[PDB]
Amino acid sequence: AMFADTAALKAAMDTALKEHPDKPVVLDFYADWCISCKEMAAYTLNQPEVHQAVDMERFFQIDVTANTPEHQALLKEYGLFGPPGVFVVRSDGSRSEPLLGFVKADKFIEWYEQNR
């Protein structure tokens, strides 16, 4: 489910990386004004070929609609002003360049596979 509490989010991400460091996690920045976020949700993230390629139990979403300081802080730490923004985040600490808009499943998957 979508997070709004960044403390809860990091806790979940840290655990997932300790549980399977040989697998990355994915972090996705959502807001209710984000058109590409809603396209991703409707045409790509819900598609069976994505769930086959990406472990969606390892897919974390943070809702920054409220724009509280913790949201602002997290955006800046990921080099964003706002959504969209989808990162591959690895157990090493390193993160991929973000996907910054709507793509269909095949390009999403290509982006994931090429970024670990």
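All residue numbers refer to positions in the sequence shown, first residue = 1.
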| query | finding |
| --- | --- |
| Selected stretch [higher average CA B-factor]: 75-83 or 43-51 | 75-83 |
| Comparing 7-15 with 91-99, the one whose average Cα B-factor in the PDB entry is higher | 91-99 |
| Relative C-alpha B-factor of residue 62, binned into the chain's lowest, middle or highest third | lowest |
| Modelled-residue ranking by C-alpha temperature factor, third containing residue 35 | middle |
